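Report on one structure; see the data block that follows.
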Amino acid sequence: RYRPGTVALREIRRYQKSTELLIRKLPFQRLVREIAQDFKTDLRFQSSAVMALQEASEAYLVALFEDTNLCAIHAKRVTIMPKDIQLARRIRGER
Amino acid sequence: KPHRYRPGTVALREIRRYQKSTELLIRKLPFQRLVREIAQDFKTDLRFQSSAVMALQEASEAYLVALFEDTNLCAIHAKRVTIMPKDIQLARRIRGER
Amino acid sequence: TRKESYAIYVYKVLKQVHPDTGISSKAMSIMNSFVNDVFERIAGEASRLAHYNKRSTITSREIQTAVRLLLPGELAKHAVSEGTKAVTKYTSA
Amino acid sequence: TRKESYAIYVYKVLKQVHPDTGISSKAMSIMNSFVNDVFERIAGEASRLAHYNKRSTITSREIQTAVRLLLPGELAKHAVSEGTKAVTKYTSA
Amino acid sequence: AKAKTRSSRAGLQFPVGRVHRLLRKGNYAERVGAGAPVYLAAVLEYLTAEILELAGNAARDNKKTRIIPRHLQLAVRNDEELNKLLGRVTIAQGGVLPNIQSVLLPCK
Amino acid sequence: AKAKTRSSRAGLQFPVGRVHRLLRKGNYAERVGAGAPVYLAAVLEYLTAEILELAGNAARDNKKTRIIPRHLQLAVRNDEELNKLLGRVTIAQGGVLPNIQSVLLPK
Amino acid sequence: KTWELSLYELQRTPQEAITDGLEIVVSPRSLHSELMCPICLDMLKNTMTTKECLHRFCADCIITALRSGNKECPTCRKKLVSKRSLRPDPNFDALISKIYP
Amino acid sequence: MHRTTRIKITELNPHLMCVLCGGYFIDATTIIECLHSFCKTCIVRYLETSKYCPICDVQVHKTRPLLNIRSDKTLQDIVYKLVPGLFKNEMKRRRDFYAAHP
Amino acid sequence: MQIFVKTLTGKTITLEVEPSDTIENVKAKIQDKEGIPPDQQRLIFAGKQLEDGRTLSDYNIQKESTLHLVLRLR
Amino acid sequence: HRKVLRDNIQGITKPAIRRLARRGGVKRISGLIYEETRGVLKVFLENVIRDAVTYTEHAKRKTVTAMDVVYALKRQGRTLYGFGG
Amino acid sequence: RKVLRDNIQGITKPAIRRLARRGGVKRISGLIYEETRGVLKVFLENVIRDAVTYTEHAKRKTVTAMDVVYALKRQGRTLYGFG
Amino acid sequence: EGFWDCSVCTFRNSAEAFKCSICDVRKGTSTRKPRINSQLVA
DNA sequence: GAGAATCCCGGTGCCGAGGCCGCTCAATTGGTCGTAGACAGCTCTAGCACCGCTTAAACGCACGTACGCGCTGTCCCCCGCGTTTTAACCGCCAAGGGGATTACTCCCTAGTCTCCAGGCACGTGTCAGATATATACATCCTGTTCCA
DNA sequence: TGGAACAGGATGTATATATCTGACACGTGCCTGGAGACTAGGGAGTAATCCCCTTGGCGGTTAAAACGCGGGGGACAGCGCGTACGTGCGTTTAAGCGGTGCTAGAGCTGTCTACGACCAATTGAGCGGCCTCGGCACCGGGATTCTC
Ligand SMILES: [Zn+2]
Ligand SMILES: [Zn+2]
Ligand SMILES: [Zn+2]
Ligand SMILES: [Zn+2]
Ligand SMILES: [Zn+2]
């Protein structure tokens, strides 16, 4: 068996070499519809609109995780923890 | 021995005073000379209104104060009380200026 | 030449709200800049809406939607209420 | 109804640069969006400048100044060079 | 034919006519409606009234009688929605809100 | 007389006439000068050629005779000036640049 | 700064051109290190010169090197941003043209 | 492997001359905005009166044209190796100039 | 007879209290079940802060009453 | 005709969050990162969808379109390419 | 006019300390001064370049507070109080 | 005018007070009442 | 408890905030006319709901280990204070550069008409490329071996 | 006894070929948007003039910057432990695919009508200039508060 870290590095390389989506389409669609229900009842959605929402969400989360990793390395650790996310968002100005 | 304040008390006193105050903290003539020298490269024989350099100074100090707030937050995150160039660089990179 | 500004109207509103309080020149300039900036933001949003919907005219509906897009929460709600009340009063009289 | 796009001209430029290279539909859509964004940015900057200087016309000077304001460094330099060359070629006819 | 201002017609303090002229001359659309200036003036007046009320409270809490940029900054940065609206705006001669991290403060 | 296009007159591949129409109908100013569209079309053509060349280079490098959004993303993000121009822009199906912090590497 | 004319340079007369009917002979190793492209180590072709450090490279060589990574000059480690930092050198192209056809 | 070549010097003299002084390249510096090479003294004397290139008339710099000129050891060695005798003539000139004024 | 005490953290705690009980007993069980020191507690009801020597029947506090708690560090 | 949709954020699974973190270059992940990420994504989606629905309602339509989504994202400073505009 | 060289030394250490104190900083290292000088130089370079571009397009030779305001607004640094 | 009721802690403030005597919360506008998610107990 | 900082109070001055008056130009009122859009009608397409099947992926559990989190010790580098020095600031003067305004005229672009070909919708053949299969190379780890 | 070096098995991965295929690139009809001519009216270029404000210099007066000193507190490194996380396996869940059917609603077309641009006359609202008296900056003196 491999020591911890090798499989993580291989996964990092694999997912940085490819460009496909990483979130399940049907759960994402259900979440989008549930969120949209609070604003107007009985709406309809285009598949392209759902796809664009998914692309934007994944790009935003990837950027946020990059900033979180930078914070975690700055704090002399290799594990990302929620206060890193909080600091990153506070400095970005979203909270 | 004469009166001897422990390190930090004067620091908090200055923090309170300068957070209560609202005046500019940089010297007018040095800032004006720096502005003119920087402006020398783009055009030659330029002239400046006084309000222009006043606005420039206001914007500069506002930007620096915000950057120092972010640097302080980074320093506290790194389990320290002293700010450092690493903190400044991390703050700027997260802000997106580098 | 003349230089138009909002100083008189700002002073009227200030006297309506706080009858016994004055305002300095720097504060009045800040208020004028604030009003101009908000005006520009709302007008730009309304123009973009009208261009998006293939319309040639800007209406109270576009202004209302721009206000909803720009102002947050309770501010947008009360601004919409005041705008609707003013439009109704102007149309009735 | 017909919908206009820059696909034909993008293909012309692509064949001018890389004779044996093709482009996919998603890439063409991305290029079209990029061109639209740049056009909108430059036009907005030129309009703002013309309003600032109390002018009623948008000219090559406004376009050049907007390009200098927007594009960074070498990109702005080469864009200004190409624009001036094209303008002088057009007017020398 | 007595002249009655549109601002008095709609019960507003703001210049409906001037707002209409600025909308017409601003290159926003080919034409503008009739209620758009009234709506925009009402919104501007409401925002101004909110700001002025908060600033006046802040100022006379300090026991002064003149609104100053410090009072304006205090009102804006202390109202949450106003601060969100003006997040990217810098007020001249405003200063900063007093706040010190508790870690820096000594305790028991 | 025979109609000669303004694009051919100025030696450009982009639609000078269409650019002029968009400028006129875009509510940018009351009047639009005659030389304005030529400048803008030339600038757009130059920028397109720059990116298209980089995209083509990446495409043939990967041995892909066809440009894809991955190639466009690589070309844009590998150049500092283009990246600064498109800093707030997201490219669909673009992925990310291969980059890992050295501290994360095995010792 | 660093451009003030020296006591020699401020009044030096031009070196007279040699208009006599004489030929010049060069060995294939006379200009070796002067014409070697630092990347491919071969005779220069389609030469490109950096703006800041004035270092010559093969066009394809420098394009590939910059695409691969390490956006600094391979000779002096000075950073260059993109292709826009280089200019073509038809002077050197013509020179090698007559020197080694 | 190239062979040893013998060529007429009048063929490359026009492409090796200096326009401003009419002499061979001595301390050759190039303008980088258009990559145009001249003698250091020639270009430094010209640059104090004009901000445009003598050849193609492109603006060298907006304020300080001296900021975009670089001395080129490449073309330096190019001339010293291509043309025979300039090195000897030149260093003899420096010695006989410095032989009387120290 | 039960009462409800609301804290600044949005926490509503139910207490079993008698109308004849004095506030000394009230804050006694407050410390007992929450650990809040007596000196840090301030009680607000009917727009007035309760006086130390008064009991509930003076304030006419009835069933299902809600009293607001304010914490000030000493 | 639908009644109510619930626990759809759960559909954002821990393996998916790990995949996103791996693409971001993260080597080691704690335990609360999943909940924090779910909250952040919910907030972002709420804002974008609110803007898009406002655009759609102004257009007097009953179908949310990719153009509306693109316009909302551009208004928020998140310009997106490839879906029109 | 004077070459006017070596002016960014005038932003002095006490001034940087005062700015840090207004920002809420308790302890400062020794290199923060050089870092701050570099950052301020970059910021001023950007703003001055934009303002001078506006002024040159206006065909004037005097930089105005309105030009500075326009440059800051373009950069995203909207400033109130100067018109 | 008359005494105004606090929104946060409901203790009746005098017309001349613009911050609450107990919770020190700034008085809100006649239309918008001040919220609670600003600070904590300590 | 001694000592330095800062709030609380009372005077004083001075300058600018607010009120008042004159003018002029821009918002009102009135009418006409052309077209933007509001409404009704129709079409057809693409969004929603449903089915069954297959297998990819998520879930749950166990185990080992490596990394986060105190804890201690040391030493060196900011902090606070006193003394010297230096140049910022304020008040004053003087000159002329150029920003701001006005008047004339001229030429450049909007608007209209007519003509025609450039580009868009539509249809179709062919090959670039995803996918499948097999293989040798680069990583990785544990168990074994020789030297300290 | 451990610690550095090495060999062999397992696994991911780039490399070499064959499948077939759905999207790319090309050819065609035509119709709508772009080009050629011409007029006219106002935006803008050009020249002249005024005076506002920017630049440059001078002399005191300190307020603030610079330099040196002693020392204590904080940054950094080494250590130990035990807890949370990575890796692997087996089981369960439901997502993705391909197909069917229905119909709500987006999109296009005709009409006709009310609404906004444009032009004239005008008169009152708002801007420019002036003037004065009270609110705030600074002054000094106690009294309270925070540190060591
Ligand atoms: Zn180099
Ligand atoms: Zn080479
Ligand atoms: Zn040249
Ligand atoms: Zn020469
Ligand atoms: Zn309260």
Side-chain angles (χ1 to χ4, degrees), chain D residues 81, chain E residues 57 61, chain G residues 32-40 42-44 46-51 54-68 73-75 86-93 96 100, chain H residues 15 18-20 28-39 42-43 46-47 50 52-61 65 68-70 72 74-75, chain I residues 7-8 42 44 46-47 49 68 70-72, chain L residues 3-15 17-28 33-36 38 40-41:
Chain D
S81 151
Chain E
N57 291 1
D61 168 315
Chain G
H32 170 76
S33 59
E34 295 85 357
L35 268 282
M36 270 316 78
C37 156
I39 298 185
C40 67
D42 173 48
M43 191 46 38
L44 246 196
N46 308 269
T47 87
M48 275 276 188
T49 326
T50 82
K51 288 188 177 184
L54 271 82
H55 289 157
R56 275 79 174 183
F57 303 91
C58 270
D60 184 310
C61 301
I62 188 57
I63 289 295
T64 313
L66 211 53
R67 161 163 27 115
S68 65
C73 181
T75 55
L86 324 184
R87 297 294 181 192
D89 204 300
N91 284 187
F92 272 31
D93 257 8
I96 175 49
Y100 304 124
Chain H
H15 203 198
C18 175
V19 200
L20 280 59
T29 84
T30 189
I31 298 204
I32 71 181
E33 276 300 345
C34 45
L35 266 206
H36 276 172
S37 308
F38 315 92
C39 297
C42 303
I43 199 60
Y46 174 110
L47 265 202
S50 177
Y52 294 104
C53 171
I55 296 203
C56 49
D57 205 67
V58 46
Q59 171 153 90
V60 152
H61 190 210
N68 294 17
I69 51 154
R70 304 311 171 51
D72 184 1
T74 299
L75 160 58
Chain I
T7 74
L8 297 193
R42 291 183 183 175
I44 310 299
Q49 190 176 118
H68 295 165
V70 181
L71 309 175
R72 178 231 66 251
Chain L
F3 303 78
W4 55 286
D5 184 1
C6 181
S7 63
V8 152
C9 69
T10 73
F11 177 80
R12 191 153 292 178
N13 275 336
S14 187
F18 291 96
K19 64 179 180 180
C20 193
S21 296
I22 326 310
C23 66
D24 307 301
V25 160
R26 294 166 170 287
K27 154 152 91 153
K33 289 329 142 154
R35 302 307 296 280
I36 294 169
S38 159
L40 177 63
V41 286

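In what follows, chains carry the letters A, B, and so on, assigned in the order in which the sequence lines appear, proteins first and then strands, with residues in each chain numbered from 1. Just follow the structure's listing: the first ligand is 1, and inside any ligand the first atom is 1. No hydrogens, no waters, no symmetry mates; every other heavy atom, side chains included, goes into these values.
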Round to 10° and report the angle made at the Zn ion (ligand 5) by SG of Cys6(L) and SG of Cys9(L).
110°

Note, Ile32(H) side chain near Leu54(G) side chain (heavy atom, < 4.5 Å):
yes

Around the Zn ion (ligand 3), what protein N, O or S atoms are found below 2.8 Å?
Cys34(H) SG, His36(H) ND1, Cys53(H) SG, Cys56(H) SG

At the Zn ion (ligand 2), what angle lies between atom SG of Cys58(G) and atom SG of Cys61(G), rounded to 10 degrees?
110°

Would you call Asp61(E) and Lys19(L) a salt bridge, taking side-chain N to carboxylate O under 4.0 Å as the test?
no

Determine, stepwise, if the pair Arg56(G) / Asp72(H) fulfils salt bridge (charged side-chain N to carboxylate O under 4.0 Å, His left out).
CA-CA 11 Å; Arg56(G) 275 79 174 183; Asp72(H) 184 1; 2.7 Å; yes

Separation of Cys61(G) SG from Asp42(G) CG (nearest 0.5 Å)
8.0 Å

With the Zn ion (ligand 5) at the center, what angle do SG from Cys23(L) and SG from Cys20(L) span, rounded to 10 degrees?
110°

Side-chain contact, heavy-atom cut-off 4.5 Å: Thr74(H) with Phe92(G)?
yes

Less than 4.5 Å apart, side chain to side chain, heavy atoms only: is that true for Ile96(G) and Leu44(G)?
no

So, do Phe11(L) and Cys23(L) sit near enough that their side-chain heavy atoms are less than 4.5 Å apart?
no

